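Below, chains carry the letters A, B, ... as their sequence lines are ordered, and counting in each starts from 1. The basis for the numbers below is simple: all heavy atoms, side chains too, and nothing from hydrogens, waters or symmetry mates.
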Amino acid sequence: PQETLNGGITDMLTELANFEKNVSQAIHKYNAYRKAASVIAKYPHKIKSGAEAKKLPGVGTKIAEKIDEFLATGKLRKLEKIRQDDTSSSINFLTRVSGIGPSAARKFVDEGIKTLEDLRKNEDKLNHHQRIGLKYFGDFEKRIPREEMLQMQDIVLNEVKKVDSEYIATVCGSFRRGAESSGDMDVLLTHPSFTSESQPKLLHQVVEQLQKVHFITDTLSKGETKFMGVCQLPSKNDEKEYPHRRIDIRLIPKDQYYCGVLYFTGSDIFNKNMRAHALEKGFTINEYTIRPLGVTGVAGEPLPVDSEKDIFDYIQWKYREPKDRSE
DNA sequence: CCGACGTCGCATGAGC
DNA sequence: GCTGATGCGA
DNA sequence: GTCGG
Ligand code: NA
Ligand code: NA
């Protein structure tokens, strides 16, 4: 299915989605619109009527109406209006700064701050995270080609191992599924000395090392189990310098590691299928553990998990490679 | 008709 | 000062 | 906004 099929529609729905999230502060309306956009984006026919579209799950009466209007007129009146609305288009825009959510963007536009220029004139109203998001606004909205991701992995695995050879680290996300590009780097981390029934420096030392070799350049947030920050590949001599990229590193108990890896590998749709499965086989799977129900439905103790495959075994699925976890 | 729609670590605000 | 709600991002 | 108990 090509973009040129129903692209106008999915763009429209995605625009609408973003105003719900950032302007109207209606996060469920936001996800409803994205859900419709997504199911439509998969549908392999150019849509002819909102009635055709309504058949899809996630598309109801009100989106069917909008599709009709768009189909007949080539636009949506409501969207046209909000696009031209100075206040709301500015609120929607500021949220593209990482750390500026709908509430902070609301406040800014309230006092006159509407543009990146205005943000740059008012640094002392920005918190740490927001300032970082400003500084790297453009880099962050760029994608990371897999070749850079490989090079970033090399550095991450090398430096983690050098800190302590018993650490285990996995770059997950769409990268681990084989994607030709990524939006950030998600690293999952563990160590034999850290279990559920079990230093608070296991994460610190790794981050410190990645800072020391100047891979990690900034810190959005950091505590004993989750680090969120900025990184950058070393400049290849006289070449153009690489974009700064987003990198998360989280520490996970060794006995919850692979549930974490399975889950943060995705995809989202695969995760729902697999956890749907799953239930119907007598087990409940979350990001942490797999547990058995329960004739009355009462979940028992977490089951020992020592590989991704272990989880597949428990619910008699054949282990599926990350490459084939598209859904 | 009407509630669910994921959940949670961390930074920062607010209330005491 | 401590506690615990909220905003944010994933 | 959409779904579903
Ligand atoms: Na429907
Ligand atoms: Na943002």
Whole-Å gap separating P (B:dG6) and OH (A:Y263):
10 Å

Find the distance A:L220:CG to B:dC10:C1' and express it as a whole number of Å.
11 Å

Torsion-based syn/anti label for B:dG13, 90° from 0 as limit:
syn

Plane angle bin for A:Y167 and A:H191 - parallel if under 30°, tilted between 30 and 60°, otherwise perpendicular:
perpendicular

First and last nucleotide of DNA chain D in contact with chain A, 5' to 3', at under 4.0 Å to a heavy atom: what are they?
D:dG1 to D:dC3

CG/A:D268: more than 12 non-hydrogen atoms of other groups inside 6.0 Å
no

Interatomic distance where CD1 belongs to A:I252 and P belongs to B:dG9 [whole Å]:
12 Å

Identify whether any heavy atom of A:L56 sits under 4.0 Å from a base atom; if not, whether one sits that close to sugar-phosphate; answer base, sugar-phosphate or nothing.
sugar-phosphate

Before we go on, tell me: are the rings of A:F137 and A:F93 under 6.0 Å apart, centre to centre?
yes

Nearest heavy-atom approach of A:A17 to A:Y30 is O-CD1, 3.1 Å

Same-atom distance (P) from B:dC5 to C:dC8, integer angstrom
22 Å

How many whole angstroms separate atom CZ of A:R250 from atom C1' of B:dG9?
9 Å

Between CG of A:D268 and P of B:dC5 the distance, given in whole Å, is 16 Å

Are A:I249 and A:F175 in one and the same hydrophobic cluster, where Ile, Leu, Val, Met, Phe, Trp and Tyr link if side-chain heavy atoms are under 4.5 Å apart?
yes

Are there more than 12 heavy atoms of other residues, nucleotides or ligands under 6.0 Å from atom CD of A:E123?
no

Scan A:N286 against the nucleic acid and name what it touches under 4.0 Å (heavy atoms): base, sugar-phosphate only, or nothing.
nothing

Whole-Å distance between B:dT7 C1' and A:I285 CD1?
17 Å

Protein-nucleotide distance (A:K35, atom NZ; B:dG6, atom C1'), rounded to Å:
15 Å

I'd like to know whether CZ of A:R320 has more than 12 heavy-atom contacts from other residues, nucleotides or ligands below 6.0 angstrom.
yes

With sugar-phosphate meaning primed atoms plus P, OP1 and OP2, does A:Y33 contact a base, only sugar-phosphate, or nothing at under 4.0 Å between heavy atoms?
sugar-phosphate

Cluster link A:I168 to A:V163, ILVMFWY, side chain under 4.5 Å
no

Where along residues 92-130 of chain A does a heavy atom come under 4.0 Å from DNA chain D, residue by residue in number order?
none

Distance check, P atoms only: C:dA10 and B:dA4, in whole angstrom units.
27 Å

Show me the side-chain donor-acceptor pairs of residues 52-67 of chain A shorter than 3.5 Å, one per line, residues at least two apart or across chains.
residue, atom, partner, partner atom, Å
A:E52, OE1, A:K48, N, 2.7
A:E52, OE2, A:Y43, OH, 2.7
A:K66, NZ, A:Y33, OH, 3.1

Determine the interatomic distance between P on B:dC8 and the same-named atom on D:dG1; round to the nearest Å.
29 Å

Using a strict 4.0 Å threshold on nitrogen-to-oxygen distance, state whether A:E321 and A:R177 make a salt bridge.
no

Determine which bases of DNA chain B form Watson-Crick or G-U wobble pairs with both distances under 3.5 Å, and write the result as a 5' to 3' dot-bracket string with | for other-strand partners.
|||||..|||||.|||

Under the rule for side chain to side chain contact (heavy atoms under 4.5 Å, CB included), what residues qualify as partners of A:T87, not counting sequence neighbours?
A:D85, A:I91, A:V109

Gap in Å between the two P atoms, one belonging to D:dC3 and one to B:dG6, rounded:
15 Å

Rounding to a whole Å, what distance do you find between A:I132:CD1 and C:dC8:P?
17 Å

Looking at the side chain of A:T225, which of B:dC10, C:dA10, B:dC8 is the nearest nucleotide?
B:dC10

Which heavy atom of A:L16 sits nearest a heavy atom of A:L76, and at what distance?
CD1-CD1, 4.1 Å

Does A:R246 have a side-chain nitrogen or oxygen under 4.0 Å from the phosphate oxygens OP1 or OP2 of C:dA10?
yes

DNA chain D contacts among residues 57-74 of chain A, heavy-atom distance under 4.0 Å:
A:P57, A:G58, A:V59, A:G60, A:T61, A:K62, A:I63, A:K66

Heavy-atom closest pair, residues A:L203 and A:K226
CD2-N, 3.5 Å

Pick base, sugar-phosphate or nothing for A:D186, based on heavy-atom distances below 4.0 Å to the nucleic acid.
nothing

Any base atoms under 4.0 Å from A:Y288, or only sugar-phosphate, or nothing? Heavy atoms, all strands.
sugar-phosphate

Indicate the ring-plane relationship of A:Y319 and A:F312, choosing parallel, tilted or perpendicular according to the 30° and 60° boundaries.
perpendicular

So A:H244 and A:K135, side-chain hydrogen bond (donor to acceptor under 3.5 Å, both in side chains) or not? Walk me through it.
CA-CA 10 Å; A:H244 289 67; A:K135 182 173 184 184; 5.9 Å; no

